[PDB]
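Residue numbers (PDB author numbering): 22 to 142.
In this text, a Cβ means the ideal position worked out from N, Cα and C, and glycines have one as well.
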Amino acid sequence: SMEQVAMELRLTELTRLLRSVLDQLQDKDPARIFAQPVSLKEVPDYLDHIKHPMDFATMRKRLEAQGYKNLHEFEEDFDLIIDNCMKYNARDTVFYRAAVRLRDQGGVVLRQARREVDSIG
Ligand code: NA
């Protein structure tokens, strides 16, 4: 049908838009603390603390399969990265402080990203 084609183009444009949103949010972690999933070889007890780990590489693979249906779903994953980091690591660590600064600078990107998703439709 044409109406599924029209749905599919919308998804396809959104994914293109979220690519840009992702790339900007990843430009706010220049250490690359959040680039890859936490190694279970290096931190064996990590899944005793964190039931839904999340990182940027994972979020990229879901995107290029067009797996994000709205902006909420994208935001939900992004928030896991920050919330997982600030729970596992203490206040006085470079990990927690990298999550705080990513949160505060990514708020600027996601607030205008919300207006662009609405505005086009
Ligand atoms: Na903690």
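Under 6 Å: does the beta carbon of residue i sit that close to some heavy atom of the ligand NA?
i, result
"residue 143", "With the chain covering only 22 through 142, there is no way to say anything about residue 143."
Is it buried or exposed for residue i, if we count other Cβ within 10 angstroms and need 16 for buried?
i, result
"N105", "buried"
"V26", "exposed"
"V42", "buried"
"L84", "buried"
"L68", "exposed"
"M80", "buried"
"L123", "buried"
For residue i, report the span of its alpha helix (DSSP H) as first-last.
i, result
"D125", "115 to 141"
"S41", "23 to 47"
"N105", "92 to 109"
"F77", "77 to 85"
Residues in the same chain with beta-carbon distance under 7 Å from residue i, minus the five sequence neighbours each way, listed in chain order, please.
i, result
"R53", "none"
"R135", "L92"
"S22", "none"
Excluding the five sequence neighbours on either side, which residues of its own chain have a C-beta within less than 8 Å of the C-beta of residue i, listed in chain order?
i, result
"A119", "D50, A52, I54, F55, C106"
"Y117", "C106, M107, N110, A111"
"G142", "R31"
Q: Indicate whether the contact test is met: 3 or more Cβ pairs, each with one atom in the region 41 to 57 and one in the region 122 to 131, closer than 8 Å.
A: When Cβ pairs closer than 8 Å are counted between the two stretches, the region 41 to 57 is seen to touch the region 122 to 131, the count reaching three or more.
Under 8 Å, with one C-beta from each stretch per pair, do the region 35 to 46 and the region 56 to 65 reach the 3-pair mark?
A contact is defined here as three or more CB-CB pairs under 8 Å, and the region 35 to 46 fails this definition with respect to the region 56 to 65.
Taking three-plus beta-carbon pairs below 8 Å as touching, is the region 89 to 103 in contact with the region 71 to 81?
-> Taking 8 Å as the limit for Cβ pairs, the verdict is that the region 71 to 81 does touch the region 89 to 103.
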